[PDB]
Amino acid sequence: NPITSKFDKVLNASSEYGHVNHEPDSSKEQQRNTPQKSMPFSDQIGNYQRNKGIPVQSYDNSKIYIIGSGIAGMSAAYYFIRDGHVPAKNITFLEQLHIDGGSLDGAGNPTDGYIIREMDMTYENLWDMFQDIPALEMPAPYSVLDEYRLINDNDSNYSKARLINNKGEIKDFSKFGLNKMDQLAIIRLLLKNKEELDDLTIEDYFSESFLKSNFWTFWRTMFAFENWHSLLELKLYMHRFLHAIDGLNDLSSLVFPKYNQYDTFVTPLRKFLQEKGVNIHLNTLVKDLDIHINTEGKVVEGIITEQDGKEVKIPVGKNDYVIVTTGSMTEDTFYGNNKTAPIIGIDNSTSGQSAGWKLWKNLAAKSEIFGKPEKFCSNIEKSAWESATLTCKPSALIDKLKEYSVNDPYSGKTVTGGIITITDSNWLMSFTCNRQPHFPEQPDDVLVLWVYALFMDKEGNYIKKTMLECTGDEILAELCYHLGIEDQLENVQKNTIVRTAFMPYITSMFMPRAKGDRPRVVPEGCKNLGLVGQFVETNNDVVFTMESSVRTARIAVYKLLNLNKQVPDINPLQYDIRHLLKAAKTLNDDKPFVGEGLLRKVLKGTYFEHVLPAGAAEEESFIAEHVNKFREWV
């Protein structure tokens, strides 16, 4: 290796070398400094993790096919280039739909109506990439991270009207409303081993009181969880975003890109990849892979496609690699507009038949290590909801909107601060106005609001139809009803372009799963295939995030090429005592939790007083009882 020549004496005598664990597991690692340890801890994020890849061989004669060009696949290419030193020209995207980007869309225009189908700072893998990706609206040497922080540093995000009911009156959202039994259920969930929860659903575990709580109203709307989704995934979210728990009620835990995610993240990434010399196919349908299995392992040696109307097989040489974004969330989307309801063209009998789902189904046929696609896409009634993009000119809508806004909508600063959930709406309907303009070329008198509902089988309060039955102007009617401007519905409809989208696989990611149902990024025996997206398995990260897309991509690269590089686990902020205690206090609506009073007497006046959370707690009396309550809990 002409890269490592001055180290060959050491590298050859190394036992670590080439046997790297590219995906360390923080949920199993007992962190100790021993003679064995030569690598950082499994979640030791920081600048020390900013070293680059060292390929052990040339990849000049190696081709790379990437099926699907969401962030997940473009991420794989970036790292193959950066860490594998694979020539960019050797990489080919075979795209399914032929607007790149996937679930991150910026479709539409002011005339026809825009159409769209939330992050925090712990998106660690995302920003490992985007800090070296050229900015949209800043000159060199500035990056996407730079402009992201240029606007988020100087305009805090928060809500002042998180919850409304009674035709527009602001509902109180200062408290979670969790009783003791439910606070215990959350805690026991955090303690439960991950492998013990196969196929269990949220409503299987949590009480009715929990499900009626503000906490769950907060969590279910902002994250898009349904009562029948995966218990495990919810648990993972809590571990993942524990530090954030005190800013859920007012969405102060969040930050947002200047524009829509397509224009902010997808375009600059694609543009960057297009500059180094990457190839893109916008007319190749991938239906299956040609995999050869034997005693040794699994090798992809061909890609079965449908170009035009014929079936063309792309050969995959022994030295080539393949990346697959195995599932789709936006597939089979059925749109609608103002005068038009979406005519849904499938039921649970035809669900799972589509370009994207079929490819995974064909993989599963080959070997059981490719997962169980049918568990995710076999119940549209459970994995669907409908979003509506509002293109708005001055209206009674915008009038009422300004009452809910933090800054003036047209100001370019934070507006609604995130979704505004209509508590007493039958659909469980939420809407949001992000920073305007949401689109770079948006007109100065146009606002783009976004709407969303969680119950697909309930008749609205005002419009006595289910949401998928409604026209654009009818959802406005249902919206206007809950905003007390029903009596001005005409002014709104004549000035608001509505484009709806019914997505049957939008929460298929969250469906109850069991062991082996999701493949690993690089399944047993696979020498040259990688699986990335919201449907492959990572150690502890969550899904329905761009972070998982990037996380899975990096794993693919490093594991396939056997690089020296790791992908650290999720940000260890849950282990931070400050966020543990903050969480405990917040779950309890600032009531004194157990041991707090004691903990206050000991730390107040010390170095660690700042560790104590916000609120007020006072202090063998009844210690004999908590002993025997805690003694019985275990």
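Counting begins at 1, following the sequence as shown.
- Missing deposited residues between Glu619 and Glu620: 1 to 3, all without coordinates in the entry.
- According to the entry, the stretch of the deposited sequence that connects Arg117 to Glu118 contains 1 to 3 residues lacking coordinates, which leaves a short gap in the model.
- Look at the C-alpha B-factors of 150-158 and of 354-362. On average they run higher in 354-362.
- The mean C-alpha temperature factor is higher for 471-479 when 471-479 and 241-249 are set side by side.
- When the C-alpha B factors of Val86, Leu454, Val286, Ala553 are read from the deposited coordinates, the top value falls at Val286.
- In this structure the maximum Cα B-factor among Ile164, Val406, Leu104, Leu178 is found at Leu104.
- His626: CA B factor in the highest third of modelled residues in this chain (values from the PDB entry).
- In this PDB entry, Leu573 carries a Cα temperature factor that places it within the lowest third of its chain's modelled residues.
- Looking at the C-alpha B-factors along this chain, the one for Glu368 belongs to the middle third.
- Among the modelled residues of the chain, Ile81 sits in the lowest third by CA temperature factor in this PDB entry.
- Compared with the other modelled residues of the chain, the Cα B-factor recorded for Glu486 ranks in the highest third.
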